[PDB]
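Consider the single chain below, provided in structure tokens and representing the form deposited in one PDB entry.
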């Protein structure tokens, strides 16, 4: 029984965590860390830590987290797995996320970062800051999944508003966390457990994700094809040496269709790729199946 903690740090990470809670993500403890007590008050996270109270600058965010490092470690003690989520580009997330991940990693927890890069329209300073924060977080994570927000706009609705675009960013962060955690907490016919996940995500390094869903005839092939070709994968599926694939569906998700999706992914992967295939029971999906691919080792 793996103990999994999902940390959202900074407004962006805390927003993402609230979304995970609202969408019913289970089997995990939610931890919100921010430099804003009022925002935290509104959060439904299980644990809430307000940091840097005496002090969008990443250094201020780094020091607030460093100053609270004993406290953060005490909250993470006992976790088998720690997710560190943030919207890179601001101060608290950018600066603080590497501190949290270092602590988790020192404790020996399987440490997964899942972060967004800001949209280009947010400006060059947020983009430059996100890039430094990402390199920093990369050093302290087993796997760092980076989601380019720019690529989210090549999906979804063309008349998308600004709020809709940021909600989409939150959603994809949820998708990245849940695609992994549900294998462990609510497995289907093919049970991929914590030890399996740990084997493929330990020291895997920088990673990209792809997501697809579909309903009806050939739903599994279609969802897997969509996920394989996801703009978020940056057409780097062919080069990945490690791939973790998650397929979620109702209790009637059959092995034949699981296998059809798995076969499609093998044919699209690098010849030497290590690919783990797992399934999730999610009775709330109806006739739809949801495929998630995590690609690493390029």
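Residue numbers count along the first chain shown, from 1. Throughout, rigid core stands for the largest set of C-alpha atoms superposing within 1.5 Å between the two forms.
- According to the record, the deposited sequence contains 4 to 9 residues between residue 55 and residue 56 that were left without coordinates.
- Mean CA temperature factor is higher for 122 to 130 when stretches 170 to 178 and 122 to 130 are set side by side in the entry.
- Two stretches are in play, 107 to 115 and 148 to 156, and the higher mean C-alpha B-factor belongs to 148 to 156.
- Remark: of 184, 84, 221, 137, 221 shows the highest value [criterion: C-alpha B-factor in the PDB entry].
- You'll see in the entry that, of 247, 237, 65, 244, the Cα B factor peaks at 237.
- Annotation for residue 9: C-alpha temperature factor in the lowest third relative to the rest of the modelled chain, per the entry.
- Residue 253: CA B factor in the highest third of modelled residues in this chain (values from the PDB entry).
- Annotation for residue 285: C-alpha temperature factor in the highest third relative to the rest of the modelled chain, per the entry.
- In the deposited entry, the Cα temperature factor of residue 200 sits in the middle third of values across the chain's modelled residues.
- In this PDB entry, residue 228 carries a Cα temperature factor that places it within the middle third of its chain's modelled residues.
Separately, the form deposited in another entry exists; it is not shown, and the next lines address it.
- For the residue set 186, 168, 132, 213, core-aligned C-alpha shifts between the shown form and the other one reach 2 angstroms or more at a single site, 168.
- Residue displacement note: residue 89 has its CA displaced by at least 2 Å between the shown form and the other one (rigid core superposed).
- With the core held fixed, the Cα of residue 36 is displaced between the shown form and the other one by 2 Å or more.
- In the other entry, the separation between the C-alpha atoms of residue 40 and residue 29 grows by 3 Å or more relative to the displayed form.
- The distance between the CA atoms of residue 25 and residue 37 is at least 3 Å longer in the other entry than in the form shown here.
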